[PDB]
A.B. asks: 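Please read through the structure below; I'll follow up with questions.
Protein chains get the first letters and strands the later ones, always in sequence-line order, with residue 1 at the start of each.
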Amino acid sequence: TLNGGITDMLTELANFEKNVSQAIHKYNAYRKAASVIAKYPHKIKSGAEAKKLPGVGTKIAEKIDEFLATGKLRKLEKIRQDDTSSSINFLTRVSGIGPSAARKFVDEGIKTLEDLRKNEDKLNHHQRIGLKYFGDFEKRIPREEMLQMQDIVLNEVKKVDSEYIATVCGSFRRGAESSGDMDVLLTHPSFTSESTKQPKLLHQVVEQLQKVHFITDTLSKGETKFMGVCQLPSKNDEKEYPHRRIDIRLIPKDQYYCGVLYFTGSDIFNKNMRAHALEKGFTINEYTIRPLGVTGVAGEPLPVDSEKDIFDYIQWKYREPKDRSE
DNA sequence: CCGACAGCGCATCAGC
DNA sequence: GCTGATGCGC
DNA sequence: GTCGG
Ligand SMILES: O=c1[nH]c(=O)n([C@H]2C[C@H](O)[C@@H](COP(=O)(O)OP(=O)(O)OP(=O)(O)O)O2)cc1F
Ligand SMILES: [Ca+2]
Ligand SMILES: [Ca+2]
Ligand SMILES: [Cl-]
Ligand SMILES: [Cl-]
Ligand SMILES: [Cl-]
Ligand SMILES: [Cl-]
Ligand code: NA
Ligand code: NA
């Protein structure tokens, strides 16, 4: 947190651009700048020193100068005073409400938490769940609880079919002391890039986790991605644990390494790596790394036996999960 | 200057 | 119903 | 908002 003030500032600017201006590239520009500053190993003394880093240009440099000179940013001070921007920003904190729905609600006079509750009839299913657990989803999850949740998920999945493999990814796999939510990568040998030999492979796992009252709500569910809500069991007389977001991703077993690289993140790390892959003439998604030909069209999947192979292909030295927290 | 900015699953909608 | 675009989230 | 060519 050497430059926490600056990275907080840029993050609030990124959120503004995404939520209020709907300017997704400004949002990504501010987030990249915040990311590169967060790993800079010195206390930044001036915007000119900051402009040296890639992704910090003239505009951000000047903002950093204002922030360093005064401790604040007038442009953010104004955004914070504007009722409509602040309302739009707030409503996007509910899961399922993005910038478009947020502005639509605010334009209808739905501006507060109370307003959402009073108008729950106007929400789709995802939004209603996001509102139900709004307070809970704000909380982080300590790693000790993540370890208990891991124990439950892996054991319940073994009970369904011992050939499943569940891997907890995201910030947990990167070694974080607390996580925003739980990400579970699932494989099974009957589901490969070649064939699906069994149906309902994800459904059964979700069904088992519902049966033991671990999963409590479904935000969305298809054949390969589940997004819902879970909760640790509590003891006699104990306050209940907060409800937690859980994401489950069933990946073809032969594409495990691209899948776990994707799901381990961070999102910014993935964006840097995939951008770099493009520069080196490849494209990476959660399934494959493919070469781009002269026309820039994806060719056939390259062979991959490890996370490190993906790094090797784009001529990056290997970075362990804990060093991917960008 | 100016294109290019990572990649994609699921829910919902308009249009057929 | 399907297809393609859009919103949303990871 | 930033920047490589
Ligand atoms: O845009 C994205 N792209 C993108 O590849 N992923 C990938 C990378 C990310 O680690 C993983 C899970 O997403 P989270 O939103 O759960 O991110 P965490 O890094 O786990 O942090 P937290 O501790 O839960 O807050 O999906 C997320 C995106 F959101
Ligand atoms: Ca997570
Ligand atoms: Ca997640
Ligand atoms: Cl933009
Ligand atoms: Cl400020
Ligand atoms: Cl793979
Ligand atoms: Cl692919
Ligand atoms: Na720079
Ligand atoms: Na939201």
Side-chain angles (χ1 to χ4, degrees), chain A residues 9-10 13-14 16-19 21-37 47 50-64 75 91-105 123-127 129-130 137 169-173 179-186 202 206 218-229 245-252 255 258-280 282-290 292 296 298 310 314 326:
Chain A
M9 160 176 73
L10 300 171
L13 287 163
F16 174 76
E17 295 300 351
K18 179 180 136 67
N19 295 333
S21 311
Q22 315 194 241
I24 198 56
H25 292 118
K26 296 203 182 186
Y27 158 86
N28 283 313
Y30 279 120
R31 284 203 77 207
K32 173 191 288 218
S35 184
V36 71
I37 287 175
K51 188 168 58 198
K52 291 175 188 304
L53 303 165
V56 178
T58 308
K59 296 306 304 298
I60 290 179
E62 297 171 34
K63 290 191 171 57
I64 287 168
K75 178 188 191 160
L91 294 179
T92 66
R93 292 163 68 190
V94 179
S95 188
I97 303 178
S100 180
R103 178 175 292 278
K104 187 187 167 243
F105 286 130
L123 306 180
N124 68 30
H125 179 77
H126 183 142
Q127 297 167 337
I129 303 291
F137 290 175
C169 301
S171 59
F172 177 80
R173 190 163 181 263
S179 288
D181 77 347
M182 166 162 283
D183 315 288
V184 180
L185 197 159
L186 194 64
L202 178 59
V206 166
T218 295
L219 295 161
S220 62
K221 173 166 181 296
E223 290 280 280
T224 62
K225 193 176 78 174
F226 177 84
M227 172 176 297
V229 184
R245 282 275 293 104
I246 181 159
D247 294 329
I248 307 183
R249 187 75 183 262
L250 171 72
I251 290 292
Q255 302 176 329
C258 289
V260 74
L261 170 69
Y262 153 73
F263 224 17
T264 295
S266 67
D267 60 332
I268 299 284
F269 171 85
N270 287 350
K271 286 193 278 194
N272 294 342
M273 184 170 184
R274 295 170 170 202
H276 182 72
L278 290 175
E279 295 174 22
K280 287 295 190 169
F282 305 80
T283 175
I284 299 171
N285 57 26
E286 64 262 62
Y287 310 116
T288 55
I289 180 172
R290 307 169 270 171
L292 300 170
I310 312 166
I314 74 186
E326 313 193 313

A.B. asks: Is there a side-chain contact between A:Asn285 and the phosphate of B:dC8, meaning an N or O under 4.0 Å from OP1 or OP2?
C.D. replies: yes
A.B. asks: If we take the P atom in both B:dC5 and C:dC10, what is their distance in whole Å?
C.D. replies: 24 Å
A.B. asks: Any non-hydrogen side-chain atom of A:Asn19 less than 4.5 Å from a side-chain atom of A:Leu91?
C.D. replies: no
A.B. asks: May I ask you to say what A:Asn272 touches in the nucleic acid, namely base, sugar-phosphate or nothing, with a heavy-atom cut-off under 4.0 Å?
C.D. replies: nothing
A.B. asks: Where the side chain of A:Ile60 is defined as all heavy atoms beyond and including C-beta, which of B:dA6, B:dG9, D:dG1 is the nearest nucleotide?
C.D. replies: D:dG1
A.B. asks: Write down the distance between CD1 (A:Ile129) and P (B:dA11), rounded to a whole number of angstrom.
C.D. replies: 13 Å
A.B. asks: Stacking check, if you would: do B:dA11 and B:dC10 have six-membered base rings whose centres lie under 5.5 Å apart and whose planes meet at under 30 degrees?
C.D. replies: yes
A.B. asks: Answer with base, sugar-phosphate or nothing: what part of the nucleic acid does A:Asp247 contact at a heavy-atom distance below 4.0 Å?
C.D. replies: sugar-phosphate
A.B. asks: Under 4.0 Å, counting only non-hydrogen atoms across every strand here, what does A:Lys32 touch: a base, just sugar-phosphate, or nothing?
C.D. replies: nothing
A.B. asks: Mind checking whether A:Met227 and A:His126 have side chains closer than 4.5 Å, heavy atoms only?
C.D. replies: yes
A.B. asks: If the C1' atom of B:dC8 is compared with that of D:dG1, how far apart are they to the nearest Å?
C.D. replies: 25 Å
A.B. asks: Once you apply a heavy-atom cut-off of 4.0 Å, does A:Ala277 come out as touching a base, just sugar-phosphate, or nothing?
C.D. replies: nothing
A.B. asks: Any chance NZ of A:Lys32 has more than 12 other-residue heavy atoms, nucleotides or ligands included, within less than 6.0 Å?
C.D. replies: no
A.B. asks: Distance check needed: D:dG1 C1' versus A:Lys63 NZ, whole Å only.
C.D. replies: 9 Å
A.B. asks: Check the distance between D:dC3's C1' and A:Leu278's CG and give it to me in whole angstrom.
C.D. replies: 16 Å
A.B. asks: A:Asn270 CG to B:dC8 P: how many Å, rounded?
C.D. replies: 13 Å
A.B. asks: Picking from B:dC8, B:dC10, B:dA6, which would you name as closest to the side chain of A:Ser220?
C.D. replies: B:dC10
A.B. asks: When you get a sec, tell me which of D:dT2, B:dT12, B:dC8 is the closest nucleotide to the side chain of A:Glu286?
C.D. replies: B:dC8
A.B. asks: Expressed in angstrom and rounded to an integer, what is the separation of A:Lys52 atom NZ from D:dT2 atom P?
C.D. replies: 16 Å
A.B. asks: Describe the nucleic acid contact of A:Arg103 in one word from base, sugar-phosphate, nothing, applying a heavy-atom distance below 4.0 Å.
C.D. replies: nothing
A.B. asks: Do the charged groups of A:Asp183 and A:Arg173 touch, with an N to O distance under 4.0 Å?
C.D. replies: no
A.B. asks: Taking a pair as Watson-Crick or G-U wobble with both distances under 3.5 Å, which nucleotide is matched to B:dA6?
C.D. replies: none
A.B. asks: When all nucleic acid strands are considered with a 4.0 Å heavy-atom cut-off, which category describes A:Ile24: base, sugar-phosphate, or nothing?
C.D. replies: nothing
A.B. asks: With a 4.0 Å cutoff (strictly under), does any side-chain N or O of A:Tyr287 reach OP1 or OP2 of B:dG9?
C.D. replies: yes
A.B. asks: At less than 3.5 Å, do the side-chain atoms of A:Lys225 and the base atoms of B:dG9 form a donor-acceptor pair?
C.D. replies: yes
A.B. asks: How would you label the contact of A:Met273 with the nucleic acid (heavy atoms, under 4.0 Å): base, sugar-phosphate, or nothing?
C.D. replies: nothing
A.B. asks: Rounded to whole Å, please give me the gap between NE2 in A:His25 and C1' in D:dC3.
C.D. replies: 14 Å
A.B. asks: So, for A:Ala33 and A:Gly55, which heavy atoms are closest and what is the spacing to 0.1 Å?
C.D. replies: CB-O, 3.6 Å
A.B. asks: Considering every strand and a 4.0 Å limit on heavy-atom distances, what is the contact class for A:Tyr30: base, sugar-phosphate, or nothing?
C.D. replies: sugar-phosphate
A.B. asks: With heavy atoms under 4.0 Å as the rule, sort A:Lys59 into base, sugar-phosphate or nothing.
C.D. replies: sugar-phosphate
A.B. asks: Need two values: the first and the last nucleotide of DNA chain C, 5' to 3', having an atom under 4.0 Å from any heavy-atom of chain A.
C.D. replies: C:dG7 to C:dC10
A.B. asks: Is any side-chain N of the basic residue among A:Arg249 and A:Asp247 closer than 4.0 Å to the acidic one's carboxylate O?
C.D. replies: no
A.B. asks: Without decimals, in angstroms, what is the distance between A:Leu13 CG and D:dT2 P?
C.D. replies: 11 Å
A.B. asks: Charged N to carboxylate O below 4.0 Å: is that the case for A:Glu326 and A:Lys271?
C.D. replies: no
A.B. asks: Using the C1'-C2'-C3'-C4' sign, is C:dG1 on the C3'-endo (north) or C2'-endo (south) side?
C.D. replies: north
A.B. asks: Just to be sure I understand the rule, does A:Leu202 reach a base, reach only the sugar-phosphate, or reach nothing, if contact means heavy atoms closer than 4.0 Å?
C.D. replies: nothing
A.B. asks: Find the distance between CD (A:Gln127) and CG (A:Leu219) and round it off to the nearest 0.5 Å.
C.D. replies: 11.0 Å
A.B. asks: Side chains of A:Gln255 and A:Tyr262: does their closest heavy-atom pair fall under 4.5 Å?
C.D. replies: no
A.B. asks: Could you state the CE-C1' distance from A:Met227 to B:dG9, rounded to the nearest angstrom?
C.D. replies: 8 Å
